[PDB]
Amino acid sequence: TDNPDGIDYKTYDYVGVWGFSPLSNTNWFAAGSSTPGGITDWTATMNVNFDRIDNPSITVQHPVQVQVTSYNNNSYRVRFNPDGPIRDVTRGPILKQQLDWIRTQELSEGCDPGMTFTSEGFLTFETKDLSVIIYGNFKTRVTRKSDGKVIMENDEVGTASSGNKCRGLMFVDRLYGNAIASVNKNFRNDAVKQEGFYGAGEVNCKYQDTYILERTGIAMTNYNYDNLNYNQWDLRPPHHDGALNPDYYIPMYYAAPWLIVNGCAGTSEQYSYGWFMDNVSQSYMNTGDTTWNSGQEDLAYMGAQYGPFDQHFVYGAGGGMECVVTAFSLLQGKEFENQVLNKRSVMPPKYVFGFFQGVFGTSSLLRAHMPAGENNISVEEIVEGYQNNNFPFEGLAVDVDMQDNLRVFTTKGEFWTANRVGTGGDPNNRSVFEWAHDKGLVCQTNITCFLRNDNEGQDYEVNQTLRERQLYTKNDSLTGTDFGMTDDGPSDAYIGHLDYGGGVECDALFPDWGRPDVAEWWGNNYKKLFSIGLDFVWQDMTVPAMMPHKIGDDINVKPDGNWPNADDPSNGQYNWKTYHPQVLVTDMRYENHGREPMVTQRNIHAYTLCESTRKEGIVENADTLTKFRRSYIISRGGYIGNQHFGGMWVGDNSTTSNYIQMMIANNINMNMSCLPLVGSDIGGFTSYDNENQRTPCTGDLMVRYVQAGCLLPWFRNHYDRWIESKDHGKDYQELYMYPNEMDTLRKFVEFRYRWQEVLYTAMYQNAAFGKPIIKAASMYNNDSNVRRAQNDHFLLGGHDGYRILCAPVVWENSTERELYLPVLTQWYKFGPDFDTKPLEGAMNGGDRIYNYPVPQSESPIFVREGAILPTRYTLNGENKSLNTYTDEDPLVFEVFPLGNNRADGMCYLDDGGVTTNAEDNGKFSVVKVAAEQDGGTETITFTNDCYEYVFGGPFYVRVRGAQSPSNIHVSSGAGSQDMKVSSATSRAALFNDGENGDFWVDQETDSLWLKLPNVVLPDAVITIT
Ligand SMILES: C[C@H]1O[C@H](O[C@H]2[C@H](O)[C@@H](O)[C@@H](O[C@H]3[C@H](O)[C@@H](O)[C@H](O)O[C@@H]3CO)O[C@@H]2CO)[C@H](O)[C@@H](O)[C@@H]1N[C@H]1C=C(CO)[C@@H](O)[C@H](O)[C@H]1O
């Protein structure tokens, strides 16, 4: 039952953006005419005639569905299959039942889009603030009720005499290909509109010498790659000479055919809409890039190498780009599952927000058992470096080093306290993870879906059980292609190779995910790791990232590095560093459907791998997790929607100023693509010095790299380590190996740690409401100067999520930067210095300052007026892992200067992930807090949205700029108590000795500290007179 729809597959190789050419018109079909086709529900059908743009006498008929997806969040949808029936996928970001729920709810509220056909046969409908008309040839116009503004319209190519053809719908004559595509007008050169496109996951784009955030006038592609340095040689343009820098026509780790359009920016008449082409074969986004005549300046499109054609336009409930993001997240929501917490994504354990050292080149757990080898390091030495130097440190990212000769899901003797593999729980032979637990730390470890094959007779249960149940991808192809074979077999299995450099490699098999019983099988395997202490997951080589290889060559032999190329094209022989594209894999998009070649769903493999570690690994086997029941995944690849499995790190960056910039833009863009909890390796993964690869990150680059990411969602220093056993990489990169910079380094980690609940809460605001943790400058509304500052200015935190503004310096050996404060509000210089000192005067928003000074010891980070921030200090004053925090380590609602005599704050509370009762049973709290000045009385009010988690220790209000009071009244469900002056004279003595109901006047920081009991948290009126 392979290929049920009779597809003839014309394309298998990687087609660069330069080989994708729908504005070509030749051999392309576009809508020319239609007759109406009925409406049930909110799906209308138009029976559309597609004409060959280059010979319109040739026509075919296919039906197109036009579905309103959310009246309230102004989103609809267009799809059609030109290769067969129209078909609801069963795995993906947008599922039927989440659409069906949204619609049902909205119907109960009595929303009517009034999907109707005029007499002429045109389709008209309405969403909340938008109206839409679609003409005969599919010419689509999207107007905005309030000001009549056309905010979006598709494009039309005229012909010699056959009328006009809407390129809003295009597929290639199935005689010549399978590509699809869709075209809009693009007002990026409109004097008043100045359209600007955004999003597109991990794409990178250079301008002059600087990496930027905007994705306008450029030709991108989604094509998940093993793209080490974001600039892999094989991904270069035809006939490209010299080095290849990362750039926009190079695909990355994550598949996001998604674009957020923002025109008439920062003014009354502004509009934003998102654009998801839901497809998982190689996709394209072209924002009007003339390079290679691939696009035209005044048009934009999306497209794919294969079908079917499914596409979403999401305008959002209201003003600003952010709302596009949140509505998009709704469409992928889990409201239909009655998720009480995880609606828009799954919440990680608190601990996932702390600092992690990853090392590629440890070679034992402890020093006592470390084999002799030049520059070898043990885990024990790392933990020692950090712990001894009072670094706030969370734990390790153990690599394949630990595995037994690269056998995913196992460990070798060296990574245990007693030099042998235990079944664990033996206190005289703890595994890495268990020892790690006793040090306070937690770990992820690396898991690929690569199952060793060259085992040398040696027994490896995970590969053996894959062969038995035939759960491996088979070597069949509709082309008779020979992918190679070894002596280990089996005879009918796809056998790829895994190369990590310097002879660290092996043959491998792989999970044919499509198959049923495969996700169960995958999942139960993580038990071999959970029962030994593994906290969370490090999902890698997810592409699958296999070794380059030419059909015909041996399995362990890759091609010449310069192959393939324009003069010597692949011609169906290159594997593009993964399965040779022809391999028949079982469908991952439609279940019980048959087998397709991988070329048709390449961009789904990692999503699907991630889905399975989630549902079948972490969730089903939570019983076997040890110290924490909740868990997470940090993944390298995936596709839109992946946020419901965990988050992302941007694979293999490097150690240069450019990569810092890139990491930030990437972060910001990944947020607006519904992946909030991502980040890039701090300090860079790969070597960088061309004379001597072993040279490690400079101190100053290390400071800027940490300063820039110390408030990004995922914070992890990871790197390729040179050791005798692996002759590529750098000497060291751990924070503690920098004596000169240690103090700056560490204080910026402590600082993140004090703002831990800020991250936690923002994350909650993402699960609950879908808000991006990190916020493009252009998300701040009514500001005509945020856009120019958008490459390196970003915001996060607070009740609304726009309370902290970061503008990290992005160049090595640099002590200034151009700073823009966003307008119509006040800002305050903050940082690790400002905890133990008074704030400086206000900074008037709307300012541009050239050469704003930033000594190495400082990053530009500001807190807005009106912010109240949940902060967290240790009781004993030391630095300790988040996961060892308990409710005795104070929680501090820091009120800042007031904004129009107002201030507000939100704080999510829950057990941390010790258990899954927050996501499972609604066991959490959401504390709100307000503050108002009224002549002489300031009223700080605590209310709750629910208080299901009982924060067990006293918490504090910290007022900034208000000193010694005449009285403080505290009102509570169990309060009617006046406050008395504490007898402690230091913050430390207030926390540890301080009496409940004690206020302390802090001269040093110009603050007033209120110590209150744990029971008044959910509800109180603090009046300060
Ligand atoms: C560890 C790493 O292994 C593989 O990376 C390869 C590159 O694919 C290959 O191009 C070559 O890279 C050199 C490149 O050719 C040259 O132009 C450049 O200047 O120098 C590069 C090396 O610095 O060799 C490297 C190996 O050294 C994989 O393709 C990568 O995915 C892989 N990174 C993975 C693997 C691990 C180990 O489990 C993780 O530590 C890491 O997080 C993950 O991203």
# chains A, B, ... in the order shown; residues from 1 in each chain; ligands from 1
$ closest_atom_pairs --of "chain A" --to "ligand 1" --cutoff "7 Å" --atoms "only C-alpha atoms and all ligand atoms" --output "JSON lines"
{"residue": "A:226", "atom": "CA", "partner": "ligand 1", "partner_atom_place_in_ligand_line": "29 (O)", "distance": 5.3}
{"residue": "A:227", "atom": "CA", "partner": "ligand 1", "partner_atom_place_in_ligand_line": "8 (O)", "distance": 6.9}
{"residue": "A:228", "atom": "CA", "partner": "ligand 1", "partner_atom_place_in_ligand_line": "8 (O)", "distance": 5.5}
{"residue": "A:232", "atom": "CA", "partner": "ligand 1", "partner_atom_place_in_ligand_line": "10 (O)", "distance": 6.4}
{"residue": "A:233", "atom": "CA", "partner": "ligand 1", "partner_atom_place_in_ligand_line": "17 (O)", "distance": 6.9}
{"residue": "A:360", "atom": "CA", "partner": "ligand 1", "partner_atom_place_in_ligand_line": "40 (O)", "distance": 4.9}
{"residue": "A:399", "atom": "CA", "partner": "ligand 1", "partner_atom_place_in_ligand_line": "38 (O)", "distance": 5.7}
{"residue": "A:400", "atom": "CA", "partner": "ligand 1", "partner_atom_place_in_ligand_line": "38 (O)", "distance": 5.3}
{"residue": "A:446", "atom": "CA", "partner": "ligand 1", "partner_atom_place_in_ligand_line": "38 (O)", "distance": 6.5}
{"residue": "A:499", "atom": "CA", "partner": "ligand 1", "partner_atom_place_in_ligand_line": "4 (C)", "distance": 6.0}
{"residue": "A:500", "atom": "CA", "partner": "ligand 1", "partner_atom_place_in_ligand_line": "3 (O)", "distance": 3.5}
{"residue": "A:501", "atom": "CA", "partner": "ligand 1", "partner_atom_place_in_ligand_line": "26 (C)", "distance": 4.0}
{"residue": "A:502", "atom": "CA", "partner": "ligand 1", "partner_atom_place_in_ligand_line": "27 (O)", "distance": 7.0}
{"residue": "A:540", "atom": "CA", "partner": "ligand 1", "partner_atom_place_in_ligand_line": "43 (C)", "distance": 6.2}
{"residue": "A:541", "atom": "CA", "partner": "ligand 1", "partner_atom_place_in_ligand_line": "31 (O)", "distance": 5.9}
{"residue": "A:545", "atom": "CA", "partner": "ligand 1", "partner_atom_place_in_ligand_line": "29 (O)", "distance": 6.4}
{"residue": "A:651", "atom": "CA", "partner": "ligand 1", "partner_atom_place_in_ligand_line": "44 (O)", "distance": 4.6}
{"residue": "A:652", "atom": "CA", "partner": "ligand 1", "partner_atom_place_in_ligand_line": "44 (O)", "distance": 4.9}
{"residue": "A:686", "atom": "CA", "partner": "ligand 1", "partner_atom_place_in_ligand_line": "23 (O)", "distance": 4.9}
{"residue": "A:687", "atom": "CA", "partner": "ligand 1", "partner_atom_place_in_ligand_line": "23 (O)", "distance": 5.1}
{"residue": "A:719", "atom": "CA", "partner": "ligand 1", "partner_atom_place_in_ligand_line": "40 (O)", "distance": 6.9}
{"residue": "A:720", "atom": "CA", "partner": "ligand 1", "partner_atom_place_in_ligand_line": "40 (O)", "distance": 6.3}
{"residue": "A:728", "atom": "CA", "partner": "ligand 1", "partner_atom_place_in_ligand_line": "27 (O)", "distance": 5.7}
{"residue": "A:729", "atom": "CA", "partner": "ligand 1", "partner_atom_place_in_ligand_line": "23 (O)", "distance": 6.5}
$ select_by_dssp --residues "region 360-558 of chain A" --states "strand (DSSP E or B)" --output "PyMOL selection string"
chain A and resi 360+362+377+395-398+404+407+416+431+442-447+451-452+472+474+493+496-499+505-509+511+536-539+550-551+553
$ write_last_selection --atoms "N, CA and C atoms" --output "compact mmCIF listing (two decimals), in the first residue's frame"
# COMPACT_ATOMS: atom_id res chain seq x y z
N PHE A 360 31.38 18.44 25.37
CA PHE A 360 31.63 17.34 24.48
C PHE A 360 33.08 16.88 24.60
N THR A 362 34.11 14.98 28.13
CA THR A 362 34.39 14.36 29.41
C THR A 362 34.68 12.90 29.10
N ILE A 377 39.10 15.72 30.75
CA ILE A 377 38.45 16.32 31.92
C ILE A 377 37.36 15.34 32.40
N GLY A 395 23.56 22.16 36.77
CA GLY A 395 24.06 20.82 36.52
C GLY A 395 24.58 20.65 35.12
N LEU A 396 24.63 19.40 34.69
CA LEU A 396 25.35 19.02 33.49
C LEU A 396 24.50 18.62 32.28
N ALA A 397 25.15 18.71 31.13
CA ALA A 397 24.62 18.17 29.89
C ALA A 397 25.58 17.09 29.48
N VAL A 398 25.32 15.87 29.94
CA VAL A 398 26.23 14.77 29.70
C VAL A 398 26.08 14.34 28.25
N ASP A 404 28.01 3.70 26.12
CA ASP A 404 28.96 2.62 25.88
C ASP A 404 29.24 2.52 24.39
N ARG A 407 26.36 3.81 22.11
CA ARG A 407 25.10 3.07 22.10
C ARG A 407 24.04 3.82 22.90
N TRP A 416 30.45 6.13 36.54
CA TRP A 416 29.88 5.67 37.81
C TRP A 416 30.95 5.80 38.89
N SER A 431 25.53 6.27 39.59
CA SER A 431 25.78 6.71 38.23
C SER A 431 26.00 8.21 38.22
N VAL A 442 21.01 18.78 38.55
CA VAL A 442 20.28 17.86 37.68
C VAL A 442 20.93 17.80 36.30
N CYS A 443 20.56 16.80 35.52
CA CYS A 443 21.11 16.65 34.19
C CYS A 443 20.10 16.31 33.11
N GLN A 444 20.47 16.69 31.90
CA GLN A 444 19.94 16.08 30.70
C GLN A 444 21.09 15.21 30.22
N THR A 445 20.79 14.27 29.35
CA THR A 445 21.88 13.65 28.64
C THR A 445 21.46 13.59 27.19
N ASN A 446 22.43 13.40 26.31
CA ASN A 446 22.18 13.35 24.87
C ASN A 446 21.51 12.06 24.35
N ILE A 447 20.35 12.20 23.70
CA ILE A 447 19.74 11.08 22.97
C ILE A 447 19.46 11.36 21.49
N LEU A 451 20.64 4.05 16.31
CA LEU A 451 20.84 2.80 17.06
C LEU A 451 21.98 1.98 16.49
N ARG A 452 23.06 1.82 17.24
CA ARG A 452 24.26 1.25 16.65
C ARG A 452 24.00 -0.08 15.92
N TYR A 472 12.41 -0.77 12.21
CA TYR A 472 13.39 0.04 11.53
C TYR A 472 12.91 0.44 10.15
N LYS A 474 13.03 0.74 6.37
CA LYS A 474 13.56 -0.21 5.39
C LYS A 474 14.19 0.48 4.17
N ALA A 493 17.24 -3.30 5.80
CA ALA A 493 17.15 -2.13 6.65
C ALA A 493 17.99 -0.99 6.10
N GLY A 496 22.42 3.92 8.00
CA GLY A 496 23.10 5.20 7.88
C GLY A 496 24.35 5.18 8.71
N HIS A 497 25.04 6.32 8.76
CA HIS A 497 26.26 6.43 9.55
C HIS A 497 26.26 7.71 10.40
N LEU A 498 26.96 7.67 11.54
CA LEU A 498 27.01 8.78 12.49
C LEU A 498 28.47 9.20 12.67
N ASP A 499 28.81 10.41 12.23
CA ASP A 499 30.18 10.91 12.30
C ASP A 499 30.25 12.19 13.12
N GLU A 505 32.65 7.51 15.30
CA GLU A 505 31.58 7.16 14.37
C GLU A 505 31.09 5.72 14.51
N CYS A 506 29.97 5.43 13.85
CA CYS A 506 29.44 4.08 13.79
C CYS A 506 28.34 3.97 12.71
N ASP A 507 28.03 2.75 12.29
CA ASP A 507 26.85 2.48 11.46
C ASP A 507 25.62 2.60 12.37
N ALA A 508 24.43 2.68 11.79
CA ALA A 508 23.22 2.87 12.59
C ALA A 508 21.95 2.44 11.88
N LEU A 509 20.94 2.07 12.67
CA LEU A 509 19.57 1.92 12.17
C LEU A 509 18.70 3.06 12.71
N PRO A 511 14.38 4.45 13.75
CA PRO A 511 12.95 4.26 13.98
C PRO A 511 12.06 4.81 12.86
N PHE A 536 16.25 15.32 32.62
CA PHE A 536 15.59 15.68 31.35
C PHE A 536 16.31 15.24 30.07
N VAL A 537 15.79 15.64 28.92
CA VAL A 537 16.25 15.06 27.66
C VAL A 537 17.00 16.06 26.79
N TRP A 538 17.99 15.57 26.06
CA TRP A 538 18.79 16.39 25.17
C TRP A 538 18.67 15.76 23.81
N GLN A 539 17.62 16.10 23.08
CA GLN A 539 17.33 15.48 21.79
C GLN A 539 18.20 16.03 20.64
N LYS A 550 27.65 9.35 -0.72
CA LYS A 550 27.19 9.15 -2.09
C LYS A 550 26.78 7.69 -2.32
N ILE A 551 25.61 7.51 -2.92
CA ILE A 551 25.10 6.20 -3.34
C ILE A 551 26.15 5.48 -4.16
N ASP A 553 29.20 4.53 -2.83
CA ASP A 553 30.29 4.50 -1.86
C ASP A 553 29.96 3.60 -0.65
$ residues_around --residues "residue 34 (chain A)" --least-positions-apart "4" --cutoff "9 Å" --atoms "only C-alpha atoms" --output "PyMOL selection string"
chain A and resi 46-50+121-122+135-138
$ select_by_dssp --residues "region 78-151 of chain A" --states "alpha helix (DSSP H)" --output "PDB file with N, CA, C and O atoms, in the first residue's frame"
ATOM      1  N   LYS A  96      -7.533  18.612  13.625  1.00  0.00           N
ATOM      2  CA  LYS A  96      -8.946  18.940  13.405  1.00  0.00           C
ATOM      3  C   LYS A  96      -9.645  19.334  14.707  1.00  0.00           C
ATOM      4  O   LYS A  96     -10.386  20.300  14.749  1.00  0.00           O
ATOM      5  N   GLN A  97      -9.369  18.596  15.774  1.00  0.00           N
ATOM      6  CA  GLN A  97     -10.154  18.712  16.990  1.00  0.00           C
ATOM      7  C   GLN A  97      -9.895  20.022  17.739  1.00  0.00           C
ATOM      8  O   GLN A  97     -10.729  20.472  18.533  1.00  0.00           O
ATOM      9  N   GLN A  98      -8.750  20.647  17.479  1.00  0.00           N
ATOM     10  CA  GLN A  98      -8.505  21.950  18.062  1.00  0.00           C
ATOM     11  C   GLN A  98      -9.195  23.024  17.261  1.00  0.00           C
ATOM     12  O   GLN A  98      -9.551  24.061  17.813  1.00  0.00           O
ATOM     13  N   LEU A  99      -9.358  22.796  15.959  1.00  0.00           N
ATOM     14  CA  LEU A  99     -10.173  23.715  15.154  1.00  0.00           C
ATOM     15  C   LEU A  99     -11.643  23.583  15.561  1.00  0.00           C
ATOM     16  O   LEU A  99     -12.310  24.571  15.867  1.00  0.00           O
ATOM     17  N   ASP A 100     -12.122  22.342  15.603  1.00  0.00           N
ATOM     18  CA  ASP A 100     -13.489  22.026  15.964  1.00  0.00           C
ATOM     19  C   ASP A 100     -13.871  22.624  17.330  1.00  0.00           C
ATOM     20  O   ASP A 100     -14.993  23.065  17.515  1.00  0.00           O
ATOM     21  N   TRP A 101     -12.937  22.673  18.272  1.00  0.00           N
ATOM     22  CA  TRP A 101     -13.220  23.226  19.604  1.00  0.00           C
ATOM     23  C   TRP A 101     -13.335  24.728  19.519  1.00  0.00           C
ATOM     24  O   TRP A 101     -14.314  25.319  19.948  1.00  0.00           O
ATOM     25  N   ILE A 102     -12.318  25.361  18.975  1.00  0.00           N
ATOM     26  CA  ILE A 102     -12.390  26.784  18.841  1.00  0.00           C
ATOM     27  C   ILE A 102     -13.755  27.127  18.242  1.00  0.00           C
ATOM     28  O   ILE A 102     -14.532  27.876  18.830  1.00  0.00           O
ATOM     29  N   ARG A 103     -14.065  26.553  17.088  1.00  0.00           N
ATOM     30  CA  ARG A 103     -15.276  26.943  16.393  1.00  0.00           C
ATOM     31  C   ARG A 103     -16.498  26.804  17.286  1.00  0.00           C
ATOM     32  O   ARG A 103     -17.378  27.664  17.268  1.00  0.00           O
ATOM     33  N   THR A 104     -16.543  25.719  18.061  1.00  0.00           N
ATOM     34  CA  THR A 104     -17.712  25.369  18.872  1.00  0.00           C
ATOM     35  C   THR A 104     -17.948  26.407  19.931  1.00  0.00           C
ATOM     36  O   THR A 104     -19.075  26.850  20.159  1.00  0.00           O
ATOM     37  N   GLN A 105     -16.861  26.754  20.605  1.00  0.00           N
ATOM     38  CA  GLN A 105     -16.885  27.764  21.626  1.00  0.00           C
ATOM     39  C   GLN A 105     -17.432  29.042  21.033  1.00  0.00           C
ATOM     40  O   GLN A 105     -18.407  29.576  21.524  1.00  0.00           O
ATOM     41  N   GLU A 106     -16.816  29.507  19.951  1.00  0.00           N
ATOM     42  CA  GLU A 106     -17.219  30.753  19.318  1.00  0.00           C
ATOM     43  C   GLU A 106     -18.675  30.741  18.863  1.00  0.00           C
ATOM     44  O   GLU A 106     -19.362  31.773  18.879  1.00  0.00           O
ATOM     45  N   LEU A 107     -19.145  29.561  18.473  1.00  0.00           N
ATOM     46  CA  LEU A 107     -20.535  29.377  18.056  1.00  0.00           C
ATOM     47  C   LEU A 107     -21.468  29.531  19.240  1.00  0.00           C
ATOM     48  O   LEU A 107     -22.548  30.085  19.094  1.00  0.00           O
ATOM     49  N   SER A 108     -21.052  29.051  20.410  1.00  0.00           N
ATOM     50  CA  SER A 108     -21.863  29.207  21.608  1.00  0.00           C
ATOM     51  C   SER A 108     -21.956  30.681  22.024  1.00  0.00           C
ATOM     52  O   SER A 108     -22.943  31.115  22.597  1.00  0.00           O
TER      53      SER A 108
END
$ residues_around --residues "region 744-748 of chain A" --least-positions-apart "6" --cutoff "8 Å" --atoms "only C-alpha atoms" --output "PyMOL selection string"
chain A and resi 391-392+703+706-707+710+735+831-832+857
$ write_last_selection --atoms "C-alpha atoms" --output "PDB file, in the first residue's frame"
ATOM      1  CA  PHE A 391      28.729  29.829  40.884  1.00  0.00           C
ATOM      2  CA  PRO A 392      24.966  29.576  40.762  1.00  0.00           C
ATOM      3  CA  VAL A 703      31.362  38.168  29.010  1.00  0.00           C
ATOM      4  CA  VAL A 706      26.901  35.493  28.836  1.00  0.00           C
ATOM      5  CA  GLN A 707      25.500  39.022  29.197  1.00  0.00           C
ATOM      6  CA  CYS A 710      21.677  35.498  30.776  1.00  0.00           C
ATOM      7  CA  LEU A 735      32.907  29.937  33.294  1.00  0.00           C
ATOM      8  CA  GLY A 831      21.773  44.953  36.428  1.00  0.00           C
ATOM      9  CA  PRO A 832      23.616  42.701  38.890  1.00  0.00           C
ATOM     10  CA  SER A 857      31.297  44.600  33.673  1.00  0.00           C
TER      11      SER A 857
END
$ residues_around --residues "residue 40 (chain A)" --least-positions-apart "6" --cutoff "12 Å" --atoms "only C-alpha atoms" --output "ChimeraX atom specification"
/A:65-68,114-116
$ residues_around --residues "residue 867 (chain A)" --least-positions-apart "3" --cutoff "8 Å" --atoms "only C-alpha atoms" --output "list in words"
residues 798, 799, 803, 863, 864, 895, 896, 897, 898, 903, 904 and 905 of chain A
$ write_last_selection --atoms "N, CA and C atoms" --output "PDB file, in the first residue's frame"
ATOM      1  N   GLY A 798       7.550  40.650  33.605  1.00  0.00           N
ATOM      2  CA  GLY A 798       6.565  41.503  34.236  1.00  0.00           C
ATOM      3  C   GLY A 798       5.159  41.032  33.961  1.00  0.00           C
ATOM      4  N   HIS A 799       4.204  41.822  34.421  1.00  0.00           N
ATOM      5  CA  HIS A 799       2.808  41.454  34.378  1.00  0.00           C
ATOM      6  C   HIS A 799       2.309  41.364  32.956  1.00  0.00           C
ATOM      7  N   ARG A 803       8.261  44.622  30.642  1.00  0.00           N
ATOM      8  CA  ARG A 803       8.822  45.358  31.777  1.00  0.00           C
ATOM      9  C   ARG A 803      10.346  45.473  31.790  1.00  0.00           C
ATOM     10  N   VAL A 863      14.668  48.266  33.743  1.00  0.00           N
ATOM     11  CA  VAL A 863      13.326  47.953  34.209  1.00  0.00           C
ATOM     12  C   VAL A 863      12.440  49.171  34.131  1.00  0.00           C
ATOM     13  N   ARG A 864      11.281  48.987  33.523  1.00  0.00           N
ATOM     14  CA  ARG A 864      10.301  50.032  33.256  1.00  0.00           C
ATOM     15  C   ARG A 864       9.613  50.537  34.537  1.00  0.00           C
ATOM     16  N   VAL A 895       8.675  46.212  44.154  1.00  0.00           N
ATOM     17  CA  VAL A 895       8.012  47.326  43.520  1.00  0.00           C
ATOM     18  C   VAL A 895       9.072  48.324  43.064  1.00  0.00           C
ATOM     19  N   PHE A 896       8.927  48.821  41.842  1.00  0.00           N
ATOM     20  CA  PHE A 896       9.844  49.793  41.283  1.00  0.00           C
ATOM     21  C   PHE A 896       9.175  51.160  41.237  1.00  0.00           C
ATOM     22  N   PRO A 897       9.883  52.183  40.728  1.00  0.00           N
ATOM     23  CA  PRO A 897       9.184  53.457  40.657  1.00  0.00           C
ATOM     24  C   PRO A 897       7.859  53.285  39.919  1.00  0.00           C
ATOM     25  N   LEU A 898       6.890  54.152  40.217  1.00  0.00           N
ATOM     26  CA  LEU A 898       5.534  54.010  39.710  1.00  0.00           C
ATOM     27  C   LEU A 898       5.353  54.645  38.339  1.00  0.00           C
ATOM     28  N   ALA A 903       1.525  50.457  39.553  1.00  0.00           N
ATOM     29  CA  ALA A 903       2.516  49.398  39.365  1.00  0.00           C
ATOM     30  C   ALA A 903       1.776  48.069  39.477  1.00  0.00           C
ATOM     31  N   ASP A 904       2.231  47.045  38.754  1.00  0.00           N
ATOM     32  CA  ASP A 904       1.573  45.727  38.722  1.00  0.00           C
ATOM     33  C   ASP A 904       2.590  44.593  38.583  1.00  0.00           C
ATOM     34  N   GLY A 905       2.204  43.399  39.011  1.00  0.00           N
ATOM     35  CA  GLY A 905       3.078  42.243  38.952  1.00  0.00           C
ATOM     36  C   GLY A 905       2.312  40.927  38.988  1.00  0.00           C
TER      37      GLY A 905
END
$ closest_residue --among "A:521, A:18, A:574, A:253" --to "residue 285 (chain A)" --atoms "only C-alpha atoms"
A:18
$ atom_distance --atom1 "CA of residue 327 (chain A)" --atom2 "CA of residue 203 (chain A)"
22.5 Å
$ residues_around --residues "residue 899 (chain A)" --least-positions-apart "5" --cutoff "8 Å" --atoms "only C-alpha atoms" --output "PyMOL selection string"
chain A and resi 825-826+865-866
$ closest_residue --among "A:987, A:928, A:369, A:636" --to "residue 1018 (chain A)" --atoms "only C-alpha atoms"
A:928
$ atom_distance --atom1 "CA of residue 591 (chain A)" --atom2 "CA of residue 90 (chain A)"
6.3 Å
$ decode --residues "region 978-985 of chain A" --atoms "N, CA, C and O atoms" --output "JSON list (two decimals), in the first residue's frame"
[["chain", "number", "residue", "atom", "x", "y", "z"],
["A", 978, "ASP", "N", -1.21, 45.63, 62.39],
["A", 978, "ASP", "CA", -0.28, 46.71, 62.09],
["A", 978, "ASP", "C", 1.14, 46.17, 62.06],
["A", 978, "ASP", "O", 1.45, 45.16, 62.68],
["A", 979, "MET", "N", 2.01, 46.84, 61.32],
["A", 979, "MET", "CA", 3.40, 46.41, 61.27],
["A", 979, "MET", "C", 4.22, 47.26, 62.21],
["A", 979, "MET", "O", 3.94, 48.44, 62.39],
["A", 980, "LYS", "N", 5.22, 46.64, 62.81],
["A", 980, "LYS", "CA", 6.15, 47.33, 63.70],
["A", 980, "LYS", "C", 7.55, 47.27, 63.10],
["A", 980, "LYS", "O", 7.90, 46.32, 62.39],
["A", 981, "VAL", "N", 8.34, 48.29, 63.40],
["A", 981, "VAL", "CA", 9.72, 48.37, 62.96],
["A", 981, "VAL", "C", 10.56, 47.17, 63.41],
["A", 981, "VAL", "O", 10.66, 46.87, 64.59],
["A", 982, "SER", "N", 11.14, 46.47, 62.45],
["A", 982, "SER", "CA", 11.94, 45.29, 62.71],
["A", 982, "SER", "C", 13.11, 45.72, 63.53],
["A", 982, "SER", "O", 13.48, 46.90, 63.51],
["A", 983, "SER", "N", 13.70, 44.78, 64.25],
["A", 983, "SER", "CA", 14.94, 45.04, 64.95],
["A", 983, "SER", "C", 16.17, 44.47, 64.22],
["A", 983, "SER", "O", 17.28, 44.49, 64.75],
["A", 984, "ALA", "N", 15.98, 43.96, 62.99],
["A", 984, "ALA", "CA", 17.12, 43.57, 62.16],
["A", 984, "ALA", "C", 17.62, 44.79, 61.39],
["A", 984, "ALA", "O", 16.83, 45.64, 60.98],
["A", 985, "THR", "N", 18.94, 44.90, 61.21],
["A", 985, "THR", "CA", 19.49, 46.05, 60.47],
["A", 985, "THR", "C", 20.21, 45.64, 59.21],
["A", 985, "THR", "O", 20.91, 46.45, 58.61]]
